[PDB]
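Report on the following structure.
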Amino acid sequence: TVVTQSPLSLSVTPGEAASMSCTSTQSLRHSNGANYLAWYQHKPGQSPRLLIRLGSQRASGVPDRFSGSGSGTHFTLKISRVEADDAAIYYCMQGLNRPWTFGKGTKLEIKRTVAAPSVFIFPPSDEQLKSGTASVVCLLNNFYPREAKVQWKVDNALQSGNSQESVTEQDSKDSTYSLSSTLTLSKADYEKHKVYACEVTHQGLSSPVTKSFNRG
Amino acid sequence: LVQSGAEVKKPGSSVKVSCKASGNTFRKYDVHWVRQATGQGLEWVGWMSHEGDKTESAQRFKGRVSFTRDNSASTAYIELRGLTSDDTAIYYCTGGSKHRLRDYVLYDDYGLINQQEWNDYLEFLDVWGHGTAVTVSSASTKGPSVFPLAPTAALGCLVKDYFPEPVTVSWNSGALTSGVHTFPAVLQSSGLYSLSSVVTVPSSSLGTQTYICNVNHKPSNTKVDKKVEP
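From first to last, the protein sequence lines stand for chains L and H.
Read left to right, the first sequence gives residues 2 to 27, 27A to 27E, 28 to 212 (the entry's author numbering).
Read left to right, the second sequence gives residues 4 to 52, 52A to 52C, 53 to 65, 68 to 82, 82A to 82C, 83 to 100, 100A to 100S, 101 to 131, 140 to 218 (the entry's author numbering).
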């Protein structure tokens, strides 16, 4: 018995309604008319918190903006007047049939105005270069939305498959993101080339932004 | 609740993780275990009833887990085996509310119960713990190497090739909680991790102001205060 959440991600301007949906194959309604679908929130680096139990009932501390709803196979969590504190991943969990299964989850993020990133490039330290490896890092700073593409270029050659990036969780204050991409290379192959550029592509920019440096 | 600390295990070994309750929270509540891997979500693993008469797991764990409790009633213990790198996750013990209900009954000619069936139904999981992260890997403990990132400007530190997680990076010993950005670590082909931490300051202060990142990798007793200047 599989329960599926929809949509996968949510974009809510603060102070708005946010409606989700958990849909189960078999019914979740015990013969006593109690639906056994609980809702949980999970903010990163934290323990998950129960907010809606038995379909509609609220637990201790949950404000009445979080309203559980639905019956049978169609349930729905609704967050009204969302705040930045409510951006999280919300999980519905069925409790009728064994085995008990969690839901795939629905991620909630704060909708914002488009913000372009500020780009920086960092050549490998001379400290690191004595170890035989070279690590070039490109910094993406305070942009929204999350969608962004970086293209490493070494002597005007598009690098693919040798870098590694990572984005921050959405900022509590400005509701932006930040990406760090690390192009890695050997000390020998770092020294065969001169121009290291970082071409950033984001819908906050008119044209792609390239930030380069030269060996020496 | 108070779980045990992070553990590191080679693929194919076993982990035992602890959980402790406040007073007798373990007999007013059932004991569950939920995990969450890297790209994964919340995933129920198994449970064990405070009455003590039922112990069940998720399907994937049948044959690998064993859920026991200290019969002083105080401590819960999960044991997982056949360890994959997929079994690398934060493991949460938690309480639970179950409804033990009778769904079927049949009485004989004498009025006695001839047949009956009682079933447990999960109402909610509450009072969670802090999660015991388990890392299933081949690598060994490794202190990181800290490198400077140097050119309104940006600058930071590069924490390279450490194992396992976590690593904290403070700036100016906590004086700087503005303009900083510490990123998720990435898992390398070496089996080791590399994380970056930067701060965005104006260049007019680069000559006047000091910027020292504080790096602490507790698994290998590696603490480094690295000062960053262009």
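Cβ atoms here follow ideal geometry from the backbone N, Cα and C, with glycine treated the same way.
By the criterion of a C-beta distance shorter than 6 angstroms, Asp100S (chain H) is surrounded in its chain by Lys97 and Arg99, once the five residues flanking it on both sides are discounted. At a cut-off of 8 angstroms between C-beta atoms, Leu45 (chain H) counts as an interface residue with respect to chain L.
With a cut-off of 8 angstroms on Cβ pairs, the stretch 7-23 of chain H is in contact with the stretch 112-129 of chain H, counting three or more such pairs. Going by DSSP, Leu125 (chain L) is part of the alpha helix (DSSP H) stretching over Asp122 to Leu125. Taken through DSSP and simplified to helix, strand or coil, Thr165 (chain H) comes out as coil.
In the DSSP assignment, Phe209 (chain L) falls within the unbroken beta strand (DSSP E) covering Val205 to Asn210. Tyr32 (chain L) sits in coil when the DSSP states are folded into three classes, being neither helix nor strand. Taking a contact as a CB-CB distance under 8 angstroms, the pair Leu183 (chain H) and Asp149 (chain H) does not count as one, their CB atoms being some 10 angstroms apart. Between the alpha carbons of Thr165 (chain H) and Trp159 (chain H) lies a gap of roughly 8 angstroms. Non-local C-beta neighbours of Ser168 (chain L) in its own chain, meaning closer than 7 angstroms and more than five positions away in sequence, comprise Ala80, ordered along the chain.
DSSP links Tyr79 (chain H) through a beta bridge to H:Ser21 and H:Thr70. With distances taken between CA atoms, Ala173 (chain H) lies nearest to L:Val163 out of L:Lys190, L:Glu17, L:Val163 and L:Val196.
At a cut-off of 8 angstroms between C-beta atoms, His205 (chain H) does not count as an interface residue with respect to chain L. When 8 angstroms is used as the limit between beta carbons, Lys148 (chain H) is near these residues of chain L: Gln124 and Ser131, in chain order. When 9 angstroms is used as the limit between beta carbons, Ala88 (chain H) is near no residue of chain L, the shortest such separation being about 13 angstroms. Taking the C-beta atoms as reference points, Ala34 (chain L) is found nearer than 8 angstroms to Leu46 (chain L). Using a C-beta cut-off of 8 angstroms, the stretch 175-184 of chain L makes contact with the stretch 122-135 of chain L, since at least three inter-stretch Cβ pairs fall below that distance. Note: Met21 (chain L) is not bridge-paired with any residue in the DSSP secondary-structure output. Between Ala142 (chain H) and the set L:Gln53, L:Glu105 and L:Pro119, the nearest pair of CA atoms involves L:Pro119. Measuring C-alpha to C-alpha distances from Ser27A (chain L) to each of L:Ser22, L:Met21 and L:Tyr32 identifies L:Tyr32 as the nearest. Judged by their CB atoms, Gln6 (chain L) and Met21 (chain L) are nearer to each other than the 8 angstroms cut-off. By the 16-neighbour rule on beta-carbons within 10 angstroms, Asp122 (chain L) is exposed. When DSSP states are grouped into helix, strand and coil, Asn202 (chain H) belongs to the strand group. Here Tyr192 (chain L) is buried. Its C-beta has 16 or more other C-beta atoms within 10 Å. When the alpha-carbon of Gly144 (chain H) is set against those of H:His52A, H:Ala163 and H:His169, the nearest one is in H:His169. Here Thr5 (chain L) is bridged, per DSSP, to L:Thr24.
Judged by DSSP secondary structure, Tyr100F (chain H) falls within the beta strand (DSSP E) whose first and last residues are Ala88 to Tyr100F. For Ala130 (chain L), the enclosing beta strand (DSSP E) covers residues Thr129 to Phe139. At a C-beta separation below 7 angstroms, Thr97 (chain L) has these neighbours in chain H: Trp47.
For the C-beta of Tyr101 (chain H), the chain L residues within less than 7 angstroms are, from N- to C-terminus, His27D, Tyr32, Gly91 and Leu92. Per DSSP, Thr28 (chain H) is not a residue of any beta strand (DSSP E); the alpha helix (DSSP H) it occupies stretches across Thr28 to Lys31. Counting along the chain, the unbroken beta strand (DSSP E) around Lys211 (chain H) starts and ends at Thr210 to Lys215. Taking the C-beta atoms as reference points, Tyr87 (chain L) is found no nearer than 8 angstroms to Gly167 (chain H). A Cβ of chain H is located within less than 8 angstroms of the beta carbon of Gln160 (chain L). Within chain H, no residue has its CB atom less than 9 angstroms from the CB of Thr109 (chain L), the nearest being about 20 angstroms off. With distances taken between CA atoms, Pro154 (chain H) lies nearest to H:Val203 out of H:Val203, H:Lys54 and H:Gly15.
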